[PDB]
Amino acid sequence: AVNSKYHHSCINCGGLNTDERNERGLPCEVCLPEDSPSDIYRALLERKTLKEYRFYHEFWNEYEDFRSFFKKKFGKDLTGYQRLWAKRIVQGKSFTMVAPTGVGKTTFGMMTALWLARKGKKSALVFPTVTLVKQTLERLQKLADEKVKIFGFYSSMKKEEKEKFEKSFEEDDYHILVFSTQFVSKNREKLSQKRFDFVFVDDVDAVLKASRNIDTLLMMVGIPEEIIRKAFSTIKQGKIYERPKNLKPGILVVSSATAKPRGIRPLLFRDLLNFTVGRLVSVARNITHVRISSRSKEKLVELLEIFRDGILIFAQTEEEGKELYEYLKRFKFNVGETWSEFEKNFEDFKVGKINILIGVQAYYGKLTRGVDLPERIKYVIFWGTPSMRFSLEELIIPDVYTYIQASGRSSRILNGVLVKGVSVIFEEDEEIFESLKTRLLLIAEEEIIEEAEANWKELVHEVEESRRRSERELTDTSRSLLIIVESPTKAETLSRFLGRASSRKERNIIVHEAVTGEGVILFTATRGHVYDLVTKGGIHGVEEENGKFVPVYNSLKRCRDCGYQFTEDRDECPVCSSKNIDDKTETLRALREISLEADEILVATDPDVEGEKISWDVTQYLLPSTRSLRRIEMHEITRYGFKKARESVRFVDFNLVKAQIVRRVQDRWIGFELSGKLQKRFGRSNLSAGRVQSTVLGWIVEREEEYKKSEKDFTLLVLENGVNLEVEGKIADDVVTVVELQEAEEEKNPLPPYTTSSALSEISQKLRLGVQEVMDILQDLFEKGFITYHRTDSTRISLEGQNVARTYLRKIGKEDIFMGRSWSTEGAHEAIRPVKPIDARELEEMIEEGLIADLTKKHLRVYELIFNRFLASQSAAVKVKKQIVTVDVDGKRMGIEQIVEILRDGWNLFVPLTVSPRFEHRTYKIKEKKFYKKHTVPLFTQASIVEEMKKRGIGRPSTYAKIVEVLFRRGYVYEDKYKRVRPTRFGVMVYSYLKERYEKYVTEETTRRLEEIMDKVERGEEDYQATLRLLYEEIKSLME
Ligand SMILES: [Cl-]
Ligand SMILES: [Cl-]
Ligand SMILES: [Zn+2]
Ligand SMILES: [Zn+2]
C-alpha cells in the first residue's frame, strides 16, 4: 500500500477506507476496528455493522452449495466454463454461454433447474428438437428426487402423456418444464402469463426465426409487454434503452451463439437483461501455413500421399477444379468434387468414403465457410492463392478473408481442444504470395513458412494427436480470465484478435467475452482514470496523520455534455448543471461484481507511472472481493504483446505509484497556490497547472528579447557552378575564392530510433502539426497495434524488433543493407517502432481495399516517419565522399562542409541523404547576391520546445505534449504564419507577475532538481514520505 485513503472503497458500508485495509481485504475501521479477524462476516455480525458484506457472504455460500450439489449429482467437479456460469446464476444474471459445443453446456442447465427446483423455484428448459427433449427428460428423471416434478410436451407422445402435462401446467404444480421450441411459438400467449425464474434455450436459432418467440421469452422472466415494445422502438431509433431498476427479471441463458443473429430483435436482451446474444466469431485457431513455390501436379500428389485423408483442395475457378479432379482420378485417389453435387460428396467425405474433397474458393462459400467439420477436415490445400477483383479496373489482389475462412475449416476449439490444422498454398507468383503474407500478418498475425521449413511428419502427428485429445474425455484445465484496461480503443483492438463473442452491460462498463484454448477471457475498459485527488480537506486534499501525508482520493466524475471532470459526489455538473454524468463509482462497483465471477484478474493498464497508479487503484478496490490479482504491461496491443505481457506477469510496483503521487501532489500544491494568486489578479481560474508550465512559458517570453537582439546582417551568395552560401554581413566582392579544398571518404551512421521527445519534434516539424496532435496520433497507432508504446525515453531495440526490420528488408529484396542494432541497453521500454514489417504504402493499400479502416492520412504520414526512422536505424551505414572547403569572402575565411557523392547506399533508402555540387580549388564568380536580415537566435517552435525540455531535464514523455498545449489553451502563447510560438500580452503579464514574487519556486533549476528527485522515487532511491516533506516545506513558505 501507499498509505492512501479512497472514498467508496469499503466493501461493507461503501464509505471511505484506507488502502492498507483494502489490500488485506478488510472493511473500514468503522465497520471493524480489528486488524486480524478470523471471519469478517462473523465480526460484522457481532458488532451489528453488517450492511453489504451480507450479500458477499451469501454469494460464496450459494456458489459452494451449487458446487457441492453439482459434485453430488453429476459426480464431477465444476469445469472452468461452468465455474463462471454458476457464479452468474447465483447473482441472478442472464448470460450467453460463451463456450465451444459440448455436453457440459446442456448438463449445466439441467443442474441449475434441479438446483432451483430444490428451493422451489420453477424452471423452463427449451430444446430445438424433440429427440433432445426426450433425452434430457429421461436424464433429469434419473437424477432428480421424487419431490421434484418434471413435465414435458412434444408432438410424438401419446394423448395420455400430453394430458398429464396440460393438467399440471394449468394447476401450476410443476418445478421443471422441458418443452420444444415449437411449443413456444404455438403457445406464446399462455406462456407469457406464467413467470419462470430460469429459462434455458439450447438453440437460439430456432427462437430467432420467429420474432414473437423473442418477446415471449422476455415475458417469461417477468419483463412487461409495455417495456419490451418501448425498448424496441428505442432500439429501432438508435438509442440505448435504460432498464428500470425496480424490475427484477429471471435468468435467461442462451446455450450457444451461432453468429446467425442478423435482425434487430436480439438487441432487446442487451438493454433489458444486460447481455448480448452474440455473433460468435472464434478467432482461436492453430494453423501452420506452408507455401510450395511451384504449382506442379507431381508435387501435389507427393503431398497428398503424406496427409492421405481429410484433405480439402480449394481451386481458384471451377474449370481449374475440374482439371484437378480428373488428374487425381487418373492416379488412384479417393477424390470428390463440390460443384456438381455438394451434399452427397461432402457426406461421403464425412463418413470416410472420400479422402480428398475438391472445391472452388469463394467468400462465404459452402465449402469455404459453410461447412464445420474439424474432426474430418485436417489439411487445406490451395491450388493458387485465393484472389479477388478490386476497383473498376478489376485489380487482382489476394483475398485474405477467404483464405482465413477456408483455412479455418481445419482448426477451431473442438470439444474444448484447439485442434491443429495445416494450410498449404501452391503459388508461383512471388508478388501475390508476399502480398498474402502481409495481409495475414495484419489481420491474423499468422505467418506462412516455406516448404523447406515445414516438417510434414511433425505436422501430421500434431494434427492426429490434437484430435485424439478432443475425442477423449479431457481433464478440465480451463480458467476464466478478466483483463482490465483503461482505453476503449485498446479493448476494441483486443477483441479483434481475441473475438467479440458476447457482451454484458455491467453498470457503466461493457464486459466482452471471448473463447480461447485456456477458457473464457473477459476484458473491459474503465474509460480513463478511476480516482483523483480531492479538493477540500487537509492541504488541498492531502491529510497529515502521524507526521505522514495521506492522499485522499474519490471517484472521478465526467459530464458527458460539456466534458468537465470533478471528484465531488454531486448529482449535477458544476459547470452546465447536467445530470448526464459518467461516475467512476459505478465503474468501480461493476469491476467488483465481475471480480467475483472471474477466476483470475489481470490489470493491463499502460506501462508507465500513470498507468501504475490506475492499476493500484483498481487492484486495492478489488482485493477485498478477490485475491487472484496481478499486473501485466502490454508494450504493443497485439497477440504477441499480450503473450509477452503474461509471460512477465508481476504485482503492482509501489515505487511507480509513489512517483505518481509525488508528481500529482507537486502539481496540486504548486498549481493551486499559484492559481489562487493569479485568480485574484486576472480573474481566471487554473492559470497555473504546475511548476513546469511556468518554466517553459518563461523560455518563450525570454526568447522575444533574444530573438530581437540577435538581428544580424546576412547576404545570400549564389555561385556560377556551386551552392548557395550564407555569409554574415554585406558582401561587396563579386568573387569567392577557394583557398583550401579537402576531400575524403567517410561512413555515415544513421540516427537512433524515435523516442517520445525526438518523434514529437521531427514529426511536428515535417508534418506541420502541433505536438499534441502528433502525440494523439502516436497514442492511436499504439492502441491499435501498429507501433510499440509511444511514451518512452529509450532507443533500445529488442531482437524481435530487429527481426521486424530484417523481415521487411527480405520482403523488398534489400536485405544486403540490414544492420541489426540494439542501440541503448537501458530502459523500461523500447523505442517507438512499427510492430509488423508493413510500410506506410502497404498500409494505405490495405485501407483503400477495406481490410482496415481506422487510420487517416495523418496517421499514415506519422506511421511513415516512424517506419522509415526505425528501419534507418536498422540499416547499413552509407559510405560517402565529402569535402571540406575553406573560402575567402570579403577578406575573411569561411568553412563549408558538404557531402558530394554517395559511394555505397545504406540507410539513405529510407531517410534521404542530400548531396551538394562539388567544389574546386579555384575562384567562383557570384551570379547574384540576395540581401536580407536573419536573427541568430531563432524563435521557439513546438518541436524545439520539446527539444529544450529534453536537454534541460524538465518534463516527461507523458507530459511533453501537454506542457506545450496548455500554454496555448490558457491564452499564453500563439502561433504566427510560420508556426513559431510567441507569448501573448496576457502570457507576458502572467509570467511577469510570477517572476516578481515566485521566481524561486518556478525557476528551471528548481524544476530540474525536483524532477531528478521524483525520478529517484520512481527508482526507489529517494524516500516517498521525505519527498512530500520537501514539497510541504516549500509550499508553506510561499503561502505567506
Ligand atoms: Cl531482447
Ligand atoms: Cl512518464
Ligand atoms: Zn465500512
Ligand atoms: Zn457539464
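Residues numbered from 1 in each chain as written, not as in the entry; some residues may be left out. Chains lettered and ligands numbered in written order. Heavy atoms only, no water.

Visitor: Could you clarify how one ought to interpret the environment of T112 in this entry?
Guide: Positionally, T112 belongs in helix α5 (residues 103-118). Between the C-alpha atom of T112 and that of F200, which follows or precedes it by 88 residues, the distance is 9.4 Å. (Helix = DSSP H or I, 4+ residues; strand = E, 2+ residues; numbered from the N terminus.)

Visitor: Any chance you could explain the domain arrangement of the chain here in plain terms?
Guide: A common way to state how big an interface is: give the accessible area lost once the parts meet. Domain boundaries in the chain define domain 1 (57-276), domain 2 (287-471) and domain 3 (756-878). Relative to domain 3, the C-alpha centre of domain 2 lies at a distance of 34 Å. Tallying the contact residues gives ten residues for domain 2 and 13 residues for domain 3. Counting the surface lost from both domain 2 and domain 3, the interface buries some 1000 Å², and carbon and sulfur atoms represent 71% of this. In terms of surface lost to domain 3, no three residues of domain 2 exceed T438, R439 and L442, which account for 51% of the buried area on that side. At the junction of domain 2 and domain 3, the tally comes to two salt bridges. Those elements giving two or more residues to the side of domain 2 that touches domain 3 turn out to be α18 (400-407) and α19 (430-443). (Domains from an automatic or database assignment. Contact = heavy atoms within 4.5 Å. Buried area = accessible area lost by both parts, 1.4 Å probe. Salt bridge = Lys/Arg side-chain N within 4 Å of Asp/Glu carboxyl O.)

Visitor: Is there a simple way to think about the UniProt feature "binding site: ADP" in the chain in this case?
Guide: UniProt's entry tags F74, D77, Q82, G102, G104, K105, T106 and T107 with the feature "binding site: ADP", counted in the numbering of this structure. Structurally, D77 is set in the loop between α3 (53-73) and α4 (80-90). Examined against the element boundaries, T107 turns out to sit in helix α5. Contacts of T107, omitting those with residues within four sequence positions, involve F74 and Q82. (UniProt positions renumbered as here; feature names shortened; annotations may be inferred.)

Visitor: Got a minute to help me understand the coordination of the zinc ion (ligand 4) in this structure?
Guide: Each donor-metal-donor angle in an ideal tetrahedron of four donors is 109.5 degrees, and each such angle in an ideal octahedron of six donors is either 90 or 180 degrees. Here the zinc ion (ligand 4) is held by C559 (SG), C562 (SG), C573 (SG) and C576 (SG), and the distances to it run 2.3 Å. Around the zinc ion (ligand 4), the four donor atoms are arranged such that angles at the metal cover 106 to 113 degrees; this shape is classified as tetrahedral. Counting along the primary sequence, the residues that act as donors to the zinc ion (ligand 4) give the motif C-x2-C-x10-C-x2-C. Placement of the pair is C562 in the loop between β27 (557-559) and β28 (565-566) and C573 in the loop between β28 and β29 (581-583), with a sequence separation of eleven residues. Of the residues examined, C562 reaches a relative accessible area of 41% and is grouped as partly exposed. (Donors = N, O, S within 2.8 Å, 3.2 Å for Na, K, Ca; no water. Tetrahedral: all angles 85-135°; square planar, octahedral: opposite > 155°, others 65-115°. Buried < 20%, exposed > 50% of the residue type's maximum accessible area, 1.4 Å probe, protein only.)

Visitor: What am I meant to see in the UniProt feature "binding site: Mg(2+)" in the chain here?
Guide: Under the feature "binding site: Mg(2+)", the UniProt entry names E486 and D606. In three dimensions, the annotated residues from a span of 121 residues occupy one location, with a maximal C-alpha spread of 8.0 Å. Mapping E486 onto the fold places it in the loop between β20 (481-485) and α21 (488-498). Only 2.9 Å separates the side chain of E486 from the side chain of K490, close enough to count as a polar contact. If you trace the backbone, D606 turns up in the loop between β30 (600-603) and α23 (609-622). Under the relative-accessibility criterion, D606 is labelled buried at 11%. Once you skip the residues sitting within four places of it in the chain, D606 turns out to touch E486, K490, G611, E612, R631, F782 and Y789. Only 2.8 Å separates the side chain of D606 from the side chain of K490, close enough to count as a polar contact. (Polar contact = N/O pair within 3.5 Å; in protein donor to acceptor, adjacent residues only side chain to side chain.)

Visitor: Mind showing me how you'd approach the environment of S764 here?
Guide: Structurally, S764 is set in helix α27 (residues 756-767). Once the C-alpha coordinates of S764 and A943 are considered, the two residues, 179 residues apart in sequence, prove to be 6.0 Å apart. The contact partners of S764, leaving out residues within four places of it in the chain, are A759, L769, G770, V771, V774, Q942 and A943. Of the polar contacts made by the side chain of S764, one reaches the backbone oxygen of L769; its length is 2.4 Å.

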